[PDB]
Ligand SMILES: N[C@@H](CCC(=O)N[C@@H](CSSC[C@H](NC(=O)CC[C@H](N)C(=O)O)C(=O)NCC(=O)O)C(=O)NCC(=O)O)C(=O)O
Ligand SMILES: N[C@@H](CCC(=O)N[C@@H](CSSC[C@H](NC(=O)CC[C@H](N)C(=O)O)C(=O)NCC(=O)O)C(=O)NCC(=O)O)C(=O)O
């Protein structure tokens, strides 16, 4: 018979599949441990998921343009193991999610958390990948906030119910597969008539959406999702993914804090530990 | 059940929203948007997300910024108004709120509540530090709100209040996450008056519309009891402080069944009984 929710919700059962070892109804630190700090002006604490890739790609894009103040240390945070709940991590992101960073480029350090805030902070600092004024700024912000507000349906809904939940729940898989397809259709309809999401040039709105959409579209995210969701239908998404795939900052940034690349980045020469081909073409994750 | 190799749109989904939710985007009717006299044209509904936009504009009017005068036209989301050609042209995602900035020589769209908040805060130089570390703190909390409300509304609200069958695993997932998010805010507000510092900013406004509506018992049936809202005393303090702001008291009523269907001039509020603008009862 049908489940009847209690009057008062209680945390009486594991939830999250593999993530049941970390998912809780309360926030805060579970151990006292300071974060490591390197020599570079930006300190990033992350994992090479689509959200971590936004941050490390952005920094590599800035280095591609010659901005030495974008040099960074990218320290590995293993989210299945609860590294996001150390006191040091909670102090830089009260929400205990990656990516989070400390801007140590000025006289006093300060935290920046949330991938969208990291992208906007870096774009504003260096004056690139985000129009500084005018209608084009509003268009870019609209698409960036769209990405941030919609990825929860893609990863927290579809990815979870399709690939991590311990039981396959038809209503939930249908809900979030449908919504993920709708979001791809929004992008596809836009990219039919515009080279990039917020205009004719690559911006942070593209980078933010690309990490998620490219990983799903090319077949590397959530099991058989690309077949399940009929990714072939989104040919304009495919074109735009292909354009962005070719950018050197994307090729480098995708490899940071990645099981297919570097565990950590502490200097530009660190990439010489990888096969050189990894810097020249997309490497799909496991 | 066993998912098929290829997902097909062959079953209803969405419960109360089953008549509007689709796997495809784009318009379902040809209709132009109405346009009024004021510099900002808002197309919205007084849900927590619409309230962000109309409260922000009312906050700006409280500060005397006449360029924040606005027309707020009603978009009925259960009726598919978000899929007219005119609405899709200002928000390709077909969600409220969306806006047209007609304050300058050429009009342009702004869509997403967070982008609307940032656009207005940057235009008028208020509710968002213009530079310095405090700007980064504000942006962090604003993006946090935008990235987490989907779990509260699209997860918890959906499965607890709108889905046709109660699904234990899904209710647990999103009840747990909603409580975690309230706990993040509660732990912050234990040590800070507002989320991003000592002053009210757009990060507070964005979070407040959602958190206050739930905390006070107004959203999602018995959710406030279900989620033990009493546990979050610092959230309660902050809700009560923001509840008292004159711009909140006005803006929360715009495009609302319990207030004004539409707003086309400041005097529109005079048509309501004066009690409508009076102190919000606590539960904060
Ligand atoms: N808005 C934030 C989001 C940052 C974020 O979610 N970071 C996580 C790693 S990215 S992998 C995709 C992620 N899935 C999970 O986090 C799984 C654990 C989660 N608790 C769950 O049960 O689903 C996802 O779906 N993100 C949605 C989104 O990006 O909007 C992370 O650090 N998780 C740690 C955790 O404890 O949850 C931003 O943009 O920065
Ligand atoms: N990131 C956007 C979100 C704007 C938005 O979602 N606007 C909707 C009205 S606000 S009511 C809360 C909303 N719930 C729904 O939209 C219900 C319908 C939906 N299709 C569903 O099945 O759940 C919600 O949970 N929002 C989550 C969030 O704020 O992140 C809206 O216009 N819905 C119309 C539609 O067709 O979906 C922003 O901040 O602006």
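Readers should treat all values here as calculations from the given coordinates under stated rules, not as data from a laboratory. A quick note on method: Cβ atoms are made from the backbone with ideal geometry, for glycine too, and the neighbour counts reach across all protein chains shown.
The value of relative contact order for segment B:1-126, using C-alpha pairs under 8 Å at least six residues apart, is 28 percent.
Please find, in a Gaussian network model of chain B (springs between Cα atoms separated by less than 10 Å), the residue of B:200, B:232, B:169 whose mean-square fluctuation is greatest. Between B:200, B:232, B:169, it is B:169 that shows the largest mean-square fluctuation.
Can you check how the C-alpha radius of gyration of segment B:74-233 compares to 2.2 N^0.38 Å, as a plain ratio?
On the way: Rg = 17.5 Å, N = 160, 2.2 N^0.38 = 15.1 Å.
Ratio of Cα Rg to 2.2 N^0.38 Å: 1.16.
Quick one: B:231, B:177, A:71, fewest Cβ neighbours within 10 Å first, how do they rank? Each step should come with its number before you reach the end.
Values: B:231 14, B:177 23, A:71 19.
If I rank by nearby Cβ atoms, fewest first, I get B:231, A:71, B:177.
Normalising the Debye intensity of segment A:1-128 to I(0), with uniform scatterers on Cα atoms only, and taking log10 at q = 0.21 Å⁻¹ returns -1.20. Over every Cα atom in segment A:111-152, the radius of gyration and the widest Cα-Cα span, Dmax, amount to 10.6, 29 Å. Taking A:215, A:15, A:95 as the candidate residues, the one with maximal mean-square fluctuation in a Gaussian network model of chain A, Cα springs under 10 Å, is A:15.
Shape class of the protein assembly as shown from the alpha-carbon gyration tensor: rounded, with the ratio a/c of largest to smallest axis under 1.5.
Of all the options A:181, A:168, A:54, the one that moves most in a Gaussian network model of chain A with Cα springs shorter than 10 angstrom is A:168. Computed from label points 7 Å out along Cα-Cβ, the spacing between residue A:108 and residue A:78 is 3.6 nm.
Quick check on chain A: what does the Kirkwood estimate of hydrodynamic radius come out to from the alpha carbon pairs, in Å?
On the way: mean 1/r = 0.0502 Å⁻¹.
Kirkwood hydrodynamic radius for chain A: 19.9 Å.
Applying 1/(1 + (r/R0)^6) with r as the Cβ-Cβ distance of residue B:237 and residue A:132 and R0 = 35 angstrom yields a FRET efficiency of 0.40. Listing B:214, B:280, B:116 from fewest to most neighbouring C-beta atoms within 10 Å gives B:280, B:214, B:116.
Taking each residue as 0.36 nm, the span from residue B:162 to residue B:18 lengthens on full extension beyond its C-alpha to C-alpha distance by 50.9 nm.
Rounded, prolate or oblate: which fits segment A:190-254 when a ≥ b ≥ c are the square roots of the eigenvalues of the alpha-carbon gyration tensor, with rounded for a/c under 1.5 and prolate only if a/b beats b/c?
Numbers: a/c = 2.25, a/b = 1.28, b/c = 1.76.
It comes out oblate by the Cα gyration axes.
Please order B:88, A:283, A:26, A:237 by the number of other Cβ within 10 Å, starting at the fewest.
The fewest-first ordering by Cβ neighbours comes to A:26, A:283, B:88, A:237.
Calculated mean residue ellipticity at 222 nm for chain A: -11500 deg cm²/dmol, from DSSP H runs with n ≥ 4 weighted as -39500 (n - 2.57), summed, divided by the residue count and rounded to 500. With both labels modelled 7 Å from their Cα along Cα-to-Cβ, the residue A:3 to residue A:246 distance reads 4.8 nm.
Placing a label point 7 Å from the Cα of residue B:67 along the Cα-to-Cβ direction, the residues of segment B:73-117 with a backbone N closer than 20 Å are B:99-111, B:115-117.
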